[PDB]
Amino acid sequence: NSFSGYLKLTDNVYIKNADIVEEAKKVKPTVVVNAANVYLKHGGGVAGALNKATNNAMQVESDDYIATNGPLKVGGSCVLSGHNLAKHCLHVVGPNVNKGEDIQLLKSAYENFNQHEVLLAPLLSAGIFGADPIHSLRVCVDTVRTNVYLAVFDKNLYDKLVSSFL
Ligand SMILES: NC(=O)Nc1nc2ccc(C3=C(C(=O)O)CCC3)cc2s1
């Protein structure tokens, strides 16, 4: 949890322009959040990147979790190993608003973060899930009460989020 180079947005939300895979390798946090889907199939975006950085160990573990427990619900989560990236991976499902899933569930998704004192995380429902990323940061600020270190890869998006928030 020895994070460095973050900008403090609120009492408990920090942001950095960084690849979440590189941040996890440098800090080895207690918890890294994955932007997952209900079957834990890590095909692209942040999920694909975290799974590739584990050389597919995360996907084999996720498949066994699904065969034993069934899929997650939208807004839900599960805790699995963080492999070489973290002690634990918190897999969280934000709504895919491009598929008609309710934006109301983005608040439920971020509520999962409150079970952990410190997290390294991406914005939820951004990218292929279709939510506006600045809206997703606002829900994060309004819902998360524990200490969250947000990593945003794209510099253009990062600059827009810092300008809209500060
Ligand atoms: N080594 C890697 O491949 N790392 C990463 N691959 C992605 C892919 C998508 C993203 C996304 C966003 C971003 O933070 O720029 C907002 C939407 C999806 C972030 C990473 S970090």
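- The name given to the protein in the PDB entry is Papain-like protease nsp3, with Severe acute respiratory syndrome coronavirus 2 as the source organism.
- This structure appears in the PDB under the title "Group deposition of SARS-CoV-2 NSP3 Macrodomain in complex with inhibitors from the O'Brien group -- Crystal Structure of SARS-CoV-2 NSP3 Macrodomain in complex with POB0228 (Mac1-x10558)".

**Some thoughts on the packing of helix α5 (residues 133–143) against helix α6 (residues 155–165)**
Right, so step 1: In contact at an axis separation of 10 Å, α5 and α6 are set at 50° when each is read in the N-to-C sense. What the angle tells us is that α5 and α6 run oblique. Note that α5 runs across α6; the crossing there is right-handed. Two secondary-structure elements touch here, α5 through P133, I134, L137, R138 and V141 and α6 through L157, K160, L161, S164 and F165.
Right, so step 2: In the contact of α5 with α6, the residues fall into 7 nonpolar, 1 polar and 2 charged.

**Things to note about the site of the ligand**
Right, so step 1: The local shell around the ligand consists of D19, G45, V46, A49, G127, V152, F153 and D154.
Right, so step 2: Between an oxygen atom of the ligand and a main-chain N or O atom of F153, the distance comes to 2.8 Å.
Right, so step 3: A distance of 2.9 Å is found between an oxygen atom of the ligand and a backbone nitrogen or oxygen belonging to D154.
Right, so step 4: Computed on the free molecule, the ligand has an accessible area of 480 Å², of which 66% lies beneath the protein chains in the complex.
Right, so step 5: When atom positions are compared with the pocket grids, the ligand is found to occupy the largest pocket.
Right, so step 6: With 3 residues, helix α2 (residues 45–53) is the largest single contributor of residues to the shell around the ligand.
Right, so step 7: Residues of the shell around the ligand, tallied by class, amount to 4 nonpolar, 2 polar and 2 charged.

**Considerations on unusual backbone geometry**
As a rule of thumb, non-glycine residues mostly have phi less than zero, and peptide bonds are mostly trans rather than cis.
Right, so step 1: For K28, which is not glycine, the phi torsion reads 50° and is therefore positive.
Right, so step 2: Relative to the elements of secondary structure, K28 occurs in the loop between α1 (20–27) and β3 (31–35).
Right, so step 3: In the Ramachandran plot, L40 falls in the positive-phi region, its phi being about 55° despite a non-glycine side chain.
Right, so step 4: Within the secondary structure layout, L40 lies in the loop between β3 and α2.

**Side note on the side chain of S125**
Right, so step 1: With respect to the helices and strands, the residue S125 is situated in the loop between β6 (118–121) and α5.
Right, so step 2: Those residues in contact with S125, other than ones at most four positions away along the chain, are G94, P95, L106, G130 and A131.

**Here we look at the state of the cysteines**
Such a bond, covalent and formed between the sulfur atoms of two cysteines, is termed a disulfide.
Right, so step 1: Applying the stated criterion across every chain yields a total of 0 disulfides.
Right, so step 2: Counting only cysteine sulfurs, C89 is the nearest neighbor of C78, a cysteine outside any disulfide, at a range of 7.9 Å.
Right, so step 3: Of the residues examined, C78 reaches a relative accessible area of 7% and is grouped as buried.
Right, so step 4: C140 takes part in no disulfide bond, and the closest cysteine sulfur, belonging to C89, lies 16 Å away.
Right, so step 5: Look at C140 and you get buried, because its relative accessible area is 0%.

**Details of the nonpolar core**
Right, so step 1: Ranked by internal contacts, the top residues of the largest apolar core, which has 27 residues, are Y110, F113 and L150.
Right, so step 2: Elements that contribute at least two residues to this core include exactly β2 (13–17), β3, β5 (88–92), α4 (105–111), β6, α5, β7 (147–152) and α6.
Right, so step 3: If we ignore the near neighbours within four places in the chain, the residues touching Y110 are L123, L124, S136, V139, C140, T143 and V144.
Right, so step 4: In terms of nonpolar packing, the next biggest core, distinct from the first, is built from 17 residues, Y14, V27, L50 and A53 among them.

About the thresholds
Residues numbered from 1 in each chain as written, not as in the entry; some residues may be left out. Heavy atoms only, no water. Axes fitted to C-alpha atoms, helices over the stretch in contact; angles between N-to-C directions. Helix = DSSP H or I, 4+ residues; strand = E, 2+ residues; numbered from the N terminus. Parallel < 35°, antiparallel > 145°, perpendicular 65-115°, else oblique. Left-handed = near helix turned anticlockwise from the far one by under 90°. Contact = heavy atoms within 4.5 Å. Nonpolar A, V, L, I, M, F, W, Y, C, P; charged D, E, K, R; others polar. Near = heavy atom within 4 Å. Polar contact = N/O pair within 3.5 Å; in protein donor to acceptor, adjacent residues only side chain to side chain. Areas by Shrake-Rupley, 256 points an atom, 1.4 Å probe, with all protein chains shown as cover. 1 Å grid on protein atoms, 1.4 Å probe; cavity = no way out; pocket = protein on both sides within 12 Å on 5 of 7 lines; lining within 4 Å. Sits in = over half its atoms within 2 Å of the grid points. Disulfide = S-S within 2.5 Å. Buried < 20%, exposed > 50% of the residue type's maximum accessible area, 1.4 Å probe, protein only. Core = buried A, V, L, I, M, F, W, Y, C linked by side-chain atoms within 4.5 Å.

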